[PDB]
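# Descriptive structure summary
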There are 4 protein chains.
Amino acid sequence: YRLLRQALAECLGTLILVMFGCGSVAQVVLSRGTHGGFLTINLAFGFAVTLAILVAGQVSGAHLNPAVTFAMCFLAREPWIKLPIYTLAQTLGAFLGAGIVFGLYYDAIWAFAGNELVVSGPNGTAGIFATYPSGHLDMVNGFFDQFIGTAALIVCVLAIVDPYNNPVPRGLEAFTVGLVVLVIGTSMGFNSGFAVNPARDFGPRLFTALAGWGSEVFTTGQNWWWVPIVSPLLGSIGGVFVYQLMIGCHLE
Amino acid sequence: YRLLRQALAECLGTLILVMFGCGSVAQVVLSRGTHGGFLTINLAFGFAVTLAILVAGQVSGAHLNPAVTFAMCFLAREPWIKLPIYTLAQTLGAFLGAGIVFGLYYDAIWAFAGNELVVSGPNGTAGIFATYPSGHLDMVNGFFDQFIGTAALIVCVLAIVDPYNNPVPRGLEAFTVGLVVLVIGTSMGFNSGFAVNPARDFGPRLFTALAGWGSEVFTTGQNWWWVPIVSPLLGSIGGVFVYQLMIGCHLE
Amino acid sequence: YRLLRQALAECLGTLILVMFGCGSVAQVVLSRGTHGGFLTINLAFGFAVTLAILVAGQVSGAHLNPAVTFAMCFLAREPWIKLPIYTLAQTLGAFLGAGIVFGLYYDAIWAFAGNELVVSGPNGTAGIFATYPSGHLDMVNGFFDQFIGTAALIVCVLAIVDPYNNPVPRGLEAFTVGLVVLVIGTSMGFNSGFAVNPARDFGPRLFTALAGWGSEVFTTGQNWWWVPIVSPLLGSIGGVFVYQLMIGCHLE
Amino acid sequence: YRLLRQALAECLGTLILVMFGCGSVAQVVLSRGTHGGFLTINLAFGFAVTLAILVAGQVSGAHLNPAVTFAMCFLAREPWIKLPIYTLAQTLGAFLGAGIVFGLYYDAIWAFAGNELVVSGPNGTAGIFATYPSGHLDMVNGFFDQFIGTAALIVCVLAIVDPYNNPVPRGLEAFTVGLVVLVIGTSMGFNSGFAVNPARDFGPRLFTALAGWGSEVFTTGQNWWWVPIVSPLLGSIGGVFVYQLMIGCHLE
């Protein structure tokens, strides 16, 4: 089955970027102001996308993003049957990647607040895997951060993918997408990294619910859990319209 | 219309680098010494140029700089009709990119000084979008910073563009220009990023005048607003003469 | 002898990355919080692998890692006779590279604790060349760090090496492997750099035993010296199985 | 004259890297602990070499280093007549590049110690352009830093240049050399950047003698001025022998 081989590549690809991305976030969170800052978090997340694409690019096209997968299906470039398979394959692997990060820092995570698992607060460890609203990053303000961030990601992704452009060889397509992830994190008000990925958010968040953080990861921040899922999906639609209206529709 | 399609690519390209570049500047300015320093500002601005060129390189040549556009027209490589169209397309998109950054940090910008918009000072938010003279960066000292900075940018741009050189494939022409932007910011005494772009300066500055900062953005620093426009234009002329006298005129 | 020429390339390649990698570690350790942090250590180690591969890639394939060499021999891609020759050639050169770093910082290393050589502690200089357990990086916790780290390295290495993929040209195979080394150090809880290399660990550690640190470098941390040797070897086996089960076995 | 065109490319190439490299050093020195650290100095110097090579690579081969030029002449790859012409062309342009940096920071340099120019000390500004011995970087210790640093630079340069290797296309030869410069600065105990270049050292040092710092720049540190000239020259000879004995002589 061709679809099965593409799904396994998406599972391994999302496993690489989540394990590498959330692993660097664990170092900064657990070692408060000692192992680096936000620059290392975005550099690790940005470079992890480059490595993840190179691993699974030749098999499944290296989407590693349900918002990106939704964009190609919306543009009639890929069949709609690939969307549920890729999304489950992208979510399963971010769940697995979060488990590896949990195993790596099992003692440090459990010792952050003594012998308890705290979701949000000063000694909060659930923010390593998922994203939670900040002081100026509430639901209203944070919703537009994912919308604009994902729209910019889709525009840059479609620029290097459109067949009407030059056939960029292998290698100069993961560094570019990895550059977009690094710049988006540095530009937007998100300090977790790769916030424009619904699978990178819901996957590890679902793991934290079963890891021992309880159901509070889904009923906190005025039910914020669905925002990093719906908002990037809307941004993919907006990013597609922006690219098509400006560049896409004029390439005869 | 071919010129219309090239103008739309220049508008989207300047939108990407301004929104990404000024977004990182907003993080450092609003979060004083928390989200990074000048290294992240120049890295984001330098990488944003790489992404912006890759998006619009195959359509309009990816100038994204009125000084760069003036250089090609001066060297008789492009028609003079493209200069007013590209400049307006480069300015419109830096205006739009500044509006997106304003929407992203609307609450944080307005809360920097309580409920007021301050142009310059300790709690100054107008410096996120435009550039203003510093203690050692006055009109006399700052004028030569744009002249030398733009001249070095034009020399590096003409080196990878001259047809007498090797036909560099797609991909190794945005990273190089993006490298020049990053090095120029690190070398020159500008902490805003990409100061050698007249569109990146006048565009967001014009937005701040209508955003709520008043007309003080145009009548401050002994009328500094015209310096980051005329000085890079003179640097493009000087950079063209430097490259032609040393390398350009000797390529038979 | 073809095998002799490949061994000499492996010796020089491991010499470059060890001398460059451990040299940056010496700057941070000796200049406590002055010459940079962990970001510079991983950047130097990651970029040193890129330079080392480019130097010896065209001769011996640029393994520079006994775990990587074990993976290719396990996958029947290289003869088993190359494993003992490459491992000795990789160990000899990390021993030589450590001697160069020792000569560079001979006065600073000896003056860290007055006129004595201390293996572990506050004024510990043996950690520049080798790796020692930390507070949360004991034998049990540190063993899985090398296992997961090396498994991720093998998966990324096999992705760009498998003949069934695109023939990536020279240049886009050292930056990718160098990216993996940089990301692994930023993700995993190791602050020394390139901890997934048995030769980079045992080589300089053997040098410190004869340099003047005594035999305490081999009988400290509950005999930790063998962990960064056996654990990456097991990770190479696990990394091979992960890549083959997900991607490798499905490429007809 | 072919030699005249190659000399003009070497003059412009050394002008780019010196002006960009020393400009970042001026920011860190004048703004004490505000504009960055040693990481930005090595990143700017490393990336400046990449830009300088791309500008003058197609004309003069982009040596930009008398030690590198001496290596090719020693290996009988280039005529010996090119050595005096390239060295003068490399020195003239580092002298010019230092003058541009002086003009950029004329007020800040003169105001470091009031209205005086101090060569060495706390308020020392002559270290921006040239290199001076540190506490642990005296003549005996600093001599071996240039020897090992230049030997590693020559080995990496000869690896990507030898015709027996793959014909690396344009673009993947300036980033590699620029990587070597960045790693060498991070590894070695030099905080100025690109210390393995005799032209980058003597050029700006000669400018400081006539700029107003007096003749003390040549009679300080027990006559240290000749060390960053002779020592890299010896390192080029050692680096050539290392590469030839290990890799060079075995490529039939």
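Conventions and cut-offs
- Residues numbered from 1 in each chain as written, not as in the entry; some residues may be left out.
- Chains lettered and ligands numbered in written order.
- Heavy atoms only, no water.
- UniProt positions renumbered as here; feature names shortened; annotations may be inferred.
- Least-squares fit on C-alpha atoms.
- Contact = heavy atoms within 4.5 Å.
- Patch = residues over 30% accessible without salt bridge, like charges linked within 9 Å, V, L, I, M, F, W, Y side chains within 5 Å.
- Areas by Shrake-Rupley, 256 points an atom, 1.4 Å probe, with all protein chains shown as cover.
- Salt bridge = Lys/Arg side-chain N within 4 Å of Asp/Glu carboxyl O.
- Helix = DSSP H or I, 4+ residues; strand = E, 2+ residues; numbered from the N terminus.
- Buried area = accessible area lost by both parts, 1.4 Å probe.
- Polar contact = N/O pair within 3.5 Å; in protein donor to acceptor, adjacent residues only side chain to side chain.
- Buried < 20%, exposed > 50% of the residue type's maximum accessible area, 1.4 Å probe, protein only.
- 1 Å grid on protein atoms, 1.4 Å probe; cavity = no way out; pocket = protein on both sides within 12 Å on 5 of 7 lines; lining within 4 Å.
- Points joined across faces, edges and corners; volume = space filled by probe spheres on them.
- Nonpolar A, V, L, I, M, F, W, Y, C, P; charged D, E, K, R; others polar.
- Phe/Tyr/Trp six-rings, centres within 6.5 Å; stacked < 30°, edge-to-face > 60°.
- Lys NZ or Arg CZ within 6 Å of the ring centre and 35° of its normal.

Determination of this PDB entry was carried out by cryo-EM to a resolution of 2.90 Å, according to the record.

The PDB entry annotates chain A as Aquaporin-3 originating from Rattus norvegicus. In its Subunit section, UniProt records this for chain A: "Homotetramer; each monomer provides an independent glycerol/water pore (By similarity). Could also exist in other oligomeric states (By similarity)." Of the comments in the UniProt record for chain A, the one headed Sequence similarities reads "Belongs to the MIP/aquaporin (TC 1.A.8) family."

Take chain B, turn it by 90°, move it 0.0 Å along the axis, and it overlays chain D with an RMSD of 0.0 Å. Overall, the copies show the geometry of a four-fold rotation axis. Within chain B, the C-alpha atom positioned nearest to the axis of rotation is that of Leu 172 of chain B, 6.3 Å from it. When the interface residues of chain B are mapped onto chain D, a mere 6% of them again lie at the interface, so each copy presents a different face.

Least-squares fitting of chain C to chain A yields an RMSD of 0.0 Å, with the superposition described by an axial translation of 0.0 Å and a rotation of 90°. Counting the interface residues of chain C, we find that no more than 6% of their copies in chain A are interface residues as well, pointing to two distinct contact surfaces.

Turning to a nonpolar patch on the surface, a few remarks are in order. On the surface, a cluster of nonpolar side chains totalling about 590 Å² of accessible area is made up of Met 139, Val 140, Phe 144, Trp 225, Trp 226, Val 230 and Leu 234 of chain A. Checked against the element boundaries, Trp 225 of chain A lands in the loop between α8 (198-213) and α9 (227-246).

Moving on: the interface of chain B and chain D. Counting residues at the interface gives 36 residues for chain B, matched by 33 residues for chain D. Summing the contributions of chain B and of chain D, the shared interface buries around 3,000 Å²; its carbon and sulfur component is 75%. On inspection of chain B and its partner chain D, the count reaches 0 salt bridges. For the pair chain B and chain D, the interface holds 5 residue pairs in polar contact. Residue assignment for the side of chain B that touches chain D shows that the elements contributing at least two residues are α2 (38-60), α6 (139-161), α7 (174-187) and α9 (227-246) of chain B. Broken down by element, the residue count for the side of chain B that touches chain D peaks at 10 residues, all from α7 of chain B.

Residues and elements named next belong to chain B. Inspection of every chain in the model, using the stated rule, returns 12 salt bridges over all chains. The closest approach of N and O atoms between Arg 205 and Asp 201, which form a salt bridge, is 2.3 Å. You can see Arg 205 and its partner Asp 201 sitting in helix α8 (residues 198-213), 4 residues apart, about one turn around the helix. Accessibility classification places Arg 205 together with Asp 201 in one group, the buried group.

Of the residues lining the interface, 36 residues belong to chain C; the matching set on chain A comes to 33 residues. Around 3,000 Å² of area is buried between chain C and chain A when both sides are counted, 75% of it from carbon and sulfur atoms. Sorting the residues of chain C by area buried against chain A places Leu 179, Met 246 and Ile 247 of chain C first, and these three jointly supply 18% of that buried surface. Where chain C packs against chain A, one counts 5 residue pairs in polar contact. At the level of secondary structure, the elements contributing two or more residues to the side of chain C that touches chain A comprise α2 (38-60), α6 (139-161), α7 (174-187) and α9 (227-246) of chain C. The leading source of residues in the side of chain C that touches chain A is α7 of chain C, at 10 residues.

Under the counting rule described, the total for this entry stands at 16 cavities of 30 Å³ or more. The space that makes up the largest cavity amounts to roughly 800 Å³. Lining of the largest cavity is provided by 36 residues; of these, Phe 47 and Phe 175 of chain A, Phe 47 and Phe 175 of chain B together with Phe 175 of chain D occupy positions nearest its centre. Of the residues that constitute the lining of the largest cavity, the class distribution is 27 nonpolar, 9 polar and no charged.

Here the largest pocket defines a volume of roughly 820 Å³. Lining the largest pocket are 30 residues, and of these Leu 39 of chain A, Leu 39 of chain B, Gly 37 and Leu 39 of chain C together with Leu 39 of chain D lie nearest its centre. When grouped by side-chain class, the residues that make up the lining of the largest pocket number 8 nonpolar, 22 polar and no charged.

Take the packing of aromatic side chains next. Any aromatic ring pair is given by two values, namely how distant the centres are and how the planes are angled relative to each other. Applying the stated rule across the entire model yields 68 aromatic pairs over all chains. Between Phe 143 of chain B and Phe 144 of chain B, the ring centres sit 6.2 Å apart and the planes meet at 90°, which makes this aromatic pair edge-to-face. A residue is classified by how much of its surface remains accessible, and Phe 144 of chain B, at 48% relative accessible area, is partly exposed. Relative to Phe 74 of chain C, the ring of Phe 70 of chain C lies with its centre 6.2 Å away and its plane at 50°, an arrangement referred to as tilted. Of this pair, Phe 70 of chain C and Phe 74 of chain C both sit in helix α3 (residues 66-74), 4 residues apart, which is roughly one turn of that helix. The ring centre of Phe 112 of chain A lies 4.2 Å from the NZ or CZ of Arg 32 of chain A, which sits over that ring. Taking the ring centre of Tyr 132 of chain D as reference, the NZ or CZ of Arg 205 of chain D above it sits at 5.0 Å.

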